[PDB]
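Topology and contacts: notes
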Amino acid sequence: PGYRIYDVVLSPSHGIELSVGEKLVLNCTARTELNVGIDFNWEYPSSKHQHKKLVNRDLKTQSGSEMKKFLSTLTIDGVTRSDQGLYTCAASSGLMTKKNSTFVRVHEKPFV
Amino acid sequence: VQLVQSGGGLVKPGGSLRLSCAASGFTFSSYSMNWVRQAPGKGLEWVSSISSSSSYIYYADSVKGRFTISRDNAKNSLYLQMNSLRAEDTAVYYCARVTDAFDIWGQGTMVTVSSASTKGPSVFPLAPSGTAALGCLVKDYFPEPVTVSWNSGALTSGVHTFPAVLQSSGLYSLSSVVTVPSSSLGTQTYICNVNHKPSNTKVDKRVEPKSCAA
Amino acid sequence: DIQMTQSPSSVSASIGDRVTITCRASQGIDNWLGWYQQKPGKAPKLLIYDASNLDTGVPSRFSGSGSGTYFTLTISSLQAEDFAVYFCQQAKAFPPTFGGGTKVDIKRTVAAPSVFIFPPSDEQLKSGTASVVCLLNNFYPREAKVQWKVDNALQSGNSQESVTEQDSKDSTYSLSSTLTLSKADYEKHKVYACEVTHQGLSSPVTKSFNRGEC
């Protein structure tokens, strides 16, 4: 029977603190049932970049018991102060939609 | 958070209609949008679903290989191109956002499917044999609606205009009755005024008291 | 697929009562249930999802419970707004199904229906069809049964009922049963009866007539 979604988890879940010019890496992990497909969507503050340049394209999938996993990752290599804000991942599979969020900080100072 | 629908209305069997549902107040391109319909005096029937970027779609078996769901995230709208229509598709159709359930709904647009052309009603009397009941049978018209008033507004207390019923012929029919003191039947006259604006038909039928026929 | 059926058909309650509604499934859906409110002439609004989780904005007086195939919704205290129809919903397996619906309405003392019968008019009979109407006027509750009998022969399929909304003045319903026969069919038979069963009657009541008599 399943077209239900369990949850949408982010990683790193907390303390996402970056210095201006540092690799941002978020991992949106969507847990679903076996007979389920997923469609991701990322909201973010910056408007310089495209969706196809930061968010991954490839199919990261896994299956086990009566569940599955879908992974998508937004990656800003070298950020600016305008890139600071609230980042939201939204998983969508037709009969159900679940999302999750986390705030990415950008401090005006160099990187080691 | 808001969905606003458009389109719908009349259509003959086999014809085509396109319902549009414009989203407003949230990130439209993130949530799974749906369609759900509801026929006259019926339960809600889910019709279709669609993901954020249109990569996944499901249809209710009844409407498989007929209706086409699609969306335009640049226009923040959901669409439903309905082709190969049937009289059983006559219902009120709602678009709806889905999060963990159907949280947002559009106002709903009625789509009526019937091969009938514009026709006026035939008004027949419902003659009376403490109080006494009488009325009029406004029968066999199309499309909706009709209006029925007694003595041009002079009589209102005790009046019961019923909802229209879609007949197997495809045409509609409704009754309009009124209970009154039986002592007044001799003197007081009772005229039901019926007006069907689509056919430009105005009718004034007088219902007379009749012991006979029963 | 899954079948969702609610219990009971309709519940009577006045302002202040603790209402309770049930929804049962044909197969297991753990706790992925929905609950919706619909009023006459509006789109449904989501009250509860995931069994007992109230949506942002819903009053705390509403409350759900249950799991597996059995589920329940409850209103702690009733108010003027709450008079409406309530549906359950299933989101485990596609397609997502809905419940039949339970119309919560205004409660009052058991009032009997004023039954009236109306033979087909001579004006109507001239055009090859006949419509015998049976009026049930001003009763409660809405659970009412209508049985047609032509020469003591039970009719079914040829009749159609139609009921109005509850009247604000006295909180009572009206109903009209409309038997339909052709002129030829009607002309053969003699007796025409309208048997009606209801809570406000010690036993079933029948309002009959013979074709043509005074």
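Residues numbered from 1 in each chain as written, not as in the entry; some residues may be left out. Chains lettered and ligands numbered in written order. Heavy atoms only, no water.

1. Concerning the packing of aromatic side chains
Per the stated rule, a full pass over the model turns up 18 aromatic pairs over all chains. A centroid spacing of 6.0 Å and a plane angle of 5 degrees characterise the contact between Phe-142 of chain B and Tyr-172 of chain B, whose relative ring orientation is stacked. Here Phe-142 of chain B, found in the loop between β13 (131–141) and β14 (147–150), pairs with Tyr-172 of chain B, found in strand β17 (residues 172–181); they are 30 residues apart in sequence, far enough to count as distant. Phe-142 of chain B gets classed as buried once you look at its relative accessible area, which sits at 6%. When the ring of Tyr-192 of chain C is compared with that of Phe-209 of chain C, the centres are 5.5 Å apart and the planes differ by 20 degrees; the resulting orientation is stacked. You can see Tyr-192 of chain C sitting in strand β17 (residues 191–197) and its partner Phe-209 of chain C sitting in strand β19 (residues 209–210), a full 17 residues away along the chain. Both residues of the pair, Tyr-192 of chain C and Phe-209 of chain C, belong to the buried class. Across from the ring centre of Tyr-31 of chain B, 4.6 Å away, lies the NZ or CZ of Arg-97 of chain B, which sits over that ring. (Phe/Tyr/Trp six-rings, centres within 6.5 Å; stacked < 30°, edge-to-face > 60°. Helix = DSSP H or I, 4+ residues; strand = E, 2+ residues; numbered from the N terminus. Buried < 20%, exposed > 50% of the residue type's maximum accessible area, 1.4 Å probe, protein only. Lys NZ or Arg CZ within 6 Å of the ring centre and 35° of its normal.)

2. Focus on the interface of chain C and chain A
Facing six residues of chain C, the contacting portion of chain A comprises nine residues. Both faces combined, the contact of chain C with chain A buries some 650 Å², and carbon together with sulfur accounts for 64% of it. Scanning the region where chain C abuts chain A turns up one salt bridge. Taking the shortest distance from any N to any O, the salt bridge between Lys-92 of chain C and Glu-33 of chain A comes out at 3.4 Å. There are three residue pairs in polar contact connecting chain C and chain A. Tallied by class, residues from the side of chain C that touches chain A come to five nonpolar, no polar and one charged. (Contact = heavy atoms within 4.5 Å. Buried area = accessible area lost by both parts, 1.4 Å probe. Salt bridge = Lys/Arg side-chain N within 4 Å of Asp/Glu carboxyl O. Polar contact = N/O pair within 3.5 Å; in protein donor to acceptor, adjacent residues only side chain to side chain. Nonpolar A, V, L, I, M, F, W, Y, C, P; charged D, E, K, R; others polar.)

3. Examining the side chain of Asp-105 of chain C
Residues and elements named next belong to chain C. You can see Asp-105 is positioned in strand β10 (residues 102–106). Nearest to the buried, unbridged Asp-105 among oppositely charged side chains is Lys-103, at 4.6 Å. For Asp-105, the side chain forms a polar contact with the side chain of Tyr-140, separated by 2.9 Å. Reaching out from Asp-105, the side chain makes a polar contact with the side chain of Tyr-173 at a distance of 2.9 Å. If sequence neighbours within four positions are ignored, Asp-105 has contacts with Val-11, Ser-12, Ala-13, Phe-83, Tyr-140, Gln-166 and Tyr-173. (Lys, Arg positive; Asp, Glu negative; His and termini not counted.)

4. Side note on the interface of chain B and chain C
Taken residue by residue, the interface counts 41 residues in chain B and 42 residues in chain C. Summed over both sides, the interface of chain B with chain C buries roughly 3400 Å², with 65% coming from carbon and sulfur. Summed over the three residues of chain B that lose the most area to chain C, namely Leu-44, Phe-162 and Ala-214 of chain B, the buried surface amounts to 17% of that side. Across the contact surface, chain B and chain C share one salt bridge. With a closest N to O distance of 2.7 Å, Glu-123 of chain C and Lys-205 of chain B form a salt bridge. Our enumeration of links across chain B and chain C arrives at eleven residue pairs in polar contact. Grouping the constituent residues of the side of chain B that touches chain C by class yields 26 nonpolar, eleven polar and four charged.

5. Some points on the domain arrangement of chain B
Residues and elements named next belong to chain B. Entries for chain B in the domain assignment read domain 1 (1–115) and domain 2 (116–214). Spacing between the C-alpha centres of domain 1 and domain 2 amounts to 37 Å. Tallying the contact residues gives five residues for domain 1 and six residues for domain 2. Buried surface at the junction of domain 1 and domain 2, both sides included, amounts to about 400 Å², of which 54% is carbon and sulfur. Inspection of the domain 1/domain 2 interface yields zero salt bridges. Across the domain 1-domain 2 interface, the total number found is one residue pair in polar contact. (Domains from an automatic or database assignment.)

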